[PDB]
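What follows is a single structure, written as structure tokens, with notes after it.
Cβ atoms come from the backbone with ideal geometry, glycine included; neighbour counts cover every protein chain shown. Numbers and lists here come from the model and the stated rules, or from a named source; no laboratory read-out is quoted.
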Amino acid sequence: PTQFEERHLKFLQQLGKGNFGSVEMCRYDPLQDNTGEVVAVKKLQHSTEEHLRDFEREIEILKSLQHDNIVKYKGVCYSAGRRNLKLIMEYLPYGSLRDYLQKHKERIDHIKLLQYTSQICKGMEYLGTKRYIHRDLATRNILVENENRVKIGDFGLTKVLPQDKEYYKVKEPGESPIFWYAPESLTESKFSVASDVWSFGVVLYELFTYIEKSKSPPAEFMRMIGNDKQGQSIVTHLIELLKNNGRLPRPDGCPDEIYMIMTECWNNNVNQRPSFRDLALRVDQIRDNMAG
Ligand SMILES: CCc1cc(O)ccc1-c1ccc2c(C(N)=O)n[nH]c2c1
């Protein structure tokens, strides 16, 4: 119901950058009196026909979503042609859950951690009904609205399942977050609802270590690979470690019932991992049992 144009978009400050794109804070101001609404804006640095095509698919996915725990779509800008396309989304002042939690950690207890966990489960349950696979679940990619609510973000790798099958195979892997990936994703490039469940397991580990740098997944796995070899790639060493049942340890002070959920999510067999339905019920019941 509304298209945006270049001449009313005003730069305020930087929010982030990668190898192919960047994000900015701007004010849309068509009356030119500085009363306009503040928004967040994405654009591409290096436009290859391939990357430009992936960008337009990201936008169609975002249009179709409406849920309390998922980030809101606003519009698009074609003022300078297809090769200079921009995306407009809602601005959330508190930023990412990774950044927020490091800052305000002395006011966040085990009960609060489980509130965030529950809301993430509800969001993924909704994506499942549309047959979408997220592919990039991590605390850097969740956003905060206020002290009692969070939403799922960055949909830049998301895919749709075929009508006939229960997995999608990706042609040409990109630059990947290997320390959050399932084994059959690493060896065969297969992604599914089940591989999203392995990733949710690692998010729960991030939360109960309070996002400390020195206990992060990259730090722990590199420690476990060791000091010697010598002769192989880093990803080759990781695939071998996982085949022989090596896993991340229990965080200091983690409850029995929460640690059991982690171990179940990290099963080698895809057919033996739990559902997002059951995960929501179990988490809510544990939170109630701490209440009284
Ligand atoms: C436009 C980029 C984007 C793309 C996507 O697919 C999902 C979410 C975002 C996004 C990223 C960051 C923020 C922020 C902040 N404060 O950093 N606020 N709203 C944001 C939305």
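Of all residues assigned to region 149-165, none qualifies as being in a helix (DSSP H, G or I) and polar (S, T, N, Q). Select from region 93-138 the residues that are of a type in the set (F, W, Y) and farther than 24 Å from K165 by Cα and list them in ascending order. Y94, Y100, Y116 - these are the residues of region 93-138 that are of a type in the set (F, W, Y) and farther than 24 Å from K165 by Cα. Can you find a residue in region 47-66 that is at positive phi and within 16 Å of the ligand (Cβ to nearest atom)? No: zero hits. What tally of residues in region 94-107 results from selecting those that are farther than 14 Å from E206 by Cα and in contact with an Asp or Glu (Cβ under 9 Å, 6 or more places away or on another chain)? Looking only at that region, the number is 3. Selection of region 67-93 for residues being among the acidic types (D, E), within 12 Å of the ligand (Cβ to nearest atom) and loosely packed, with under 12 Cβ neighbours inside 10 Å yields an empty set. The condition (being in contact (Cβ under 8 Å) with a residue 12 or more places away in the chain, touching a helix residue (DSSP H, G or I) at 6+ places or on another chain (Cβ under 9 Å), closer than 20 Å to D196 by Cα and surrounded by fewer than 12 Cβ atoms within 10 Å (Cβ to Cβ)) is satisfied by just one residue among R277, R247, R273, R282: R277.
Go through the residues of region 34-42 one by one and say whether even a single one is in contact with a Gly (Cβ under 9 Å, 6 or more places away or on another chain) and either surrounded by fewer than 16 Cβ atoms within 10 Å (Cβ to Cβ) or over 15 Å from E90 (Cα atoms) (or both). No.
Of all residues in region 96-119, which are within 16 Å of the ligand (Cβ to nearest atom) and over 17 Å from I70 (Cβ atoms)? Before the answer, list the steps.
Residues of region 96-119 within 16 Å of the ligand (Cβ to nearest atom): 96-104.
Across region 96-119, the qualifying residues are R98, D99, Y100, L101, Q102, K103, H104.
One line per residue, one yes/no per condition, for (1) touching a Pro at 6+ places or on another chain (Cβ under 6 Å); (2) within 21 Å of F155 (Cβ to Cβ); (3) in the same structural domain as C254 (by CATH):
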residue	(1), (2), (3)
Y73	no, yes, no
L87	no, yes, no
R98	no, yes, yes
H110	no, no, yes
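Which residues, taken from region 1-29, are touching a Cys at 6+ places or on another chain (Cβ under 8 Å), of a type outside the set (D, E, K, R) and either closer than 18 Å to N84 by Cα or not assigned by CATH to the domain that holds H46 (or both)? Correct list: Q3, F4, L9, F11. Of the residues making up region 187-195, one or more are in the same structural domain as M124 (by CATH), surrounded by fewer than 20 Cβ atoms within 10 Å (Cβ to Cβ), touching a residue at least 12 places away in the same chain (Cβ under 8 Å) and not polar (S, T, N, Q).
Within region 1-26, the residues that satisfy the criterion of being out of contact with any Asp or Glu (no Cβ under 7 Å at 6 or more places or on another chain) and without any contact (Cβ under 8 Å) to a residue 60 or more places away in the chain are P1, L12, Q13, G16, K17, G18, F20, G21, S22, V23, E24, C26.
Out of region 171-213, which residues are part of a helix (DSSP H, G or I) and more than 19 Å from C265 (Cα to Cα)? Outline the logic, then answer.
Filtering region 171-213 for residues part of a helix (DSSP H, G or I) gives 178-180, 183-188, 193-208, 213.
Across region 171-213, the qualifying residues are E188, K213.
The residue of region 132-169 that is nearest to the ligand (Cβ to nearest atom), among those that are surrounded by fewer than 14 Cβ atoms within 10 Å (Cβ to Cβ) and closer than 17 Å to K190 by Cβ, is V160.
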